[PDB]
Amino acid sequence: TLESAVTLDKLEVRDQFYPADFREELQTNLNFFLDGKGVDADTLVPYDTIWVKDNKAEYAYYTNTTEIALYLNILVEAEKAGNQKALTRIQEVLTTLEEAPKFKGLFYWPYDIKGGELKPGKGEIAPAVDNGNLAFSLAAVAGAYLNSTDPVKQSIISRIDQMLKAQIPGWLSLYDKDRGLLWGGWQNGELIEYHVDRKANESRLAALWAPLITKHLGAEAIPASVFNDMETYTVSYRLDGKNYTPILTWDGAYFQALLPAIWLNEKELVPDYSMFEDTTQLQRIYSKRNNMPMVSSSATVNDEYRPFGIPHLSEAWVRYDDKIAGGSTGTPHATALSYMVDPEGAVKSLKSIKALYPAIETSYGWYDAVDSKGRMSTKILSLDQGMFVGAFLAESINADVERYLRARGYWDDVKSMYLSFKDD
C-alpha cells in the first residue's frame, strides 16, 4: 500500500511520431502533461484549464474523463518509448478512476479536483459522450498490452475489463426503446432530454460502444441501430471550379468530426471518407485566409470559452437557420487534429502559424486561441493538448483499439456499424 510517488518530469513518445519538420514543437505541446505543469500532483489527472503569463501557471481545479483518456493513451506511448515511470502512472490513474464516484457505472462530468480527490460537479451529470470516449481509450490501453505476458500488464488488462463491465447498467439505462437511440445521459437523477442522434458529432463513440459491451446480454442487447439510424448530413458546395460535399458538425466545430479518429481508423472504416476530406479542406482554406488556425470549440482570446465553428460547415446554420457559433477565432488543436486526414499540410500550417505568431509558444504548450487579427488567449487546455498530441499518435492508438476489438469479438460489429456512416 505504501509506495514511492514517481515524478514524471520527462515525457517522450517514440521517434516515429515526431515529424523531422516539427519535432521540438510537438515536444513543447506534449510537455503540457509533465507533472507540475498541466498535471495535478495530488489527483494525478490533468487540469482542465491553465493560464500562463511568463512560464508561470494558474490552474482551474477541474478535470473530465475525456482529458484523462487522452492522458492515458499518451502515457501508454511514453511506456512504449521505454519510460518505466509511465507504467506506474497508468496504474495510479486507473486507481483514481476506480475510486471516482459513478452512476450506474458511468463517470461524471466534470470532476472537481479541489480537495485532492475527484468530486462530481454540482450538476451530478453523467454524459454518454465522456463515457464513450473513455471506453475507447481503455480499449486502446488494453489493446496495447493484450500480448504481454508481463503480469503487471495482465493486471491492467483485467482491471480495464472489470471497469467497462461495470458500465453495463449505465449503458442499459441510456437505451430508449421507443426512439431507438441513446439518451444523452443523466443529470441530477433524471434522463437528459436529448438523444445521441448524429453520427457527425463527438457522442458517436458512445452509440458505437453500447451495442458492443451489451452484445452478450441476449434479449436486452442494445441494437446496432442506436448507431446506424443516427443521421448524417452534408451540403454540396462549389469553389474555383471544384466540388466539395462537407459533413456538417452541429456547431461547425472541427473537433466533432475528428476527435473519434484518435481512437478509430475512420478513414478506412467509413465507406466514403471524402466528406471528411472536404470538411477538412474547407477548414484549411478558411484558416489560411484568415491567418489563423482551424476552428473548433476552444478558449477565447480574452480567456472565456466558446464553441467555435464555421457557419457554412455547421448543420444548425445550413439545415435549420440557427447560427450557434462564430468563426472569429481558430485553435491549434483543430489544425493538429487535421494531421489525421492530411499530415503534411497540417505541419506546414502549424509551422506557418508559429512563424506569424512566435509568441504562441510557451513551455506548457501553444496557447489555445488565436484571432484573425492576431490576438491570443492566455488559456491552455488539457482537452486541446490531448487532442493535439493524440492526433500525432492516432495511427498507434487506432491499431491498439483494433487489436482490442479483434480480441473481444467486436471488430466485425464496428465495421458493420461503419457501413451505415453515409450521407443521408
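Numbering starts at 1 and runs along the sequence shown.
Trainee: 214 to 222 versus 196 to 204: which one carries the higher mean Cα B factor per the record?
Mentor: Of 214 to 222 and 196 to 204, the stretch with the higher C-alpha B-factor average is 214 to 222.
Trainee: Of the two stretches 383 to 391 and 362 to 370, which shows the higher Cα B-factor on average in the entry?
Mentor: For C-alpha atoms only, the mean B-factor is higher in 362 to 370.
Trainee: According to the deposited entry, which of 92, 342, 240, 79 has the largest Cα B-factor?
Mentor: Each of 92, 342, 240, 79 was compared by C-alpha B-factor; the highest is 240.
Trainee: For the C-alpha B-factor as written in the entry, point me to the maximum among 249, 297, 149, 137.
Mentor: Reading the PDB entry, the winner on C-alpha B-factor is 149.
Trainee: Which third of the chain does residue 55 land in by C-alpha B-factor: lowest, middle or highest?
Mentor: Top third by C-alpha B-factor.
Trainee: Ranked by Cα temperature factor within the chain, is residue 258 in the lowest third, the middle third or the highest third?
Mentor: Its C-alpha B-factor belongs to the lowest third of this chain's values.
Trainee: What third of its chain's C-alpha B-factors does residue 176 belong to: lowest, middle or highest?
Mentor: Highest third of the chain for residue 176's C-alpha B-factor.
Trainee: Split the chain's modelled residues into thirds by Cα B-factor; is residue 127 in the lowest, middle or highest one?
Mentor: For residue 127, whose C-alpha B-factor we compare with every modelled residue in the chain, the answer is the lowest third.
Trainee: Once the chain's modelled residues are ordered by C-alpha B factor and cut into thirds, is residue 25 in the lowest, middle or highest one?
Mentor: Within its chain, residue 25 is a middle-third residue by C-alpha B-factor, going by the deposited values.
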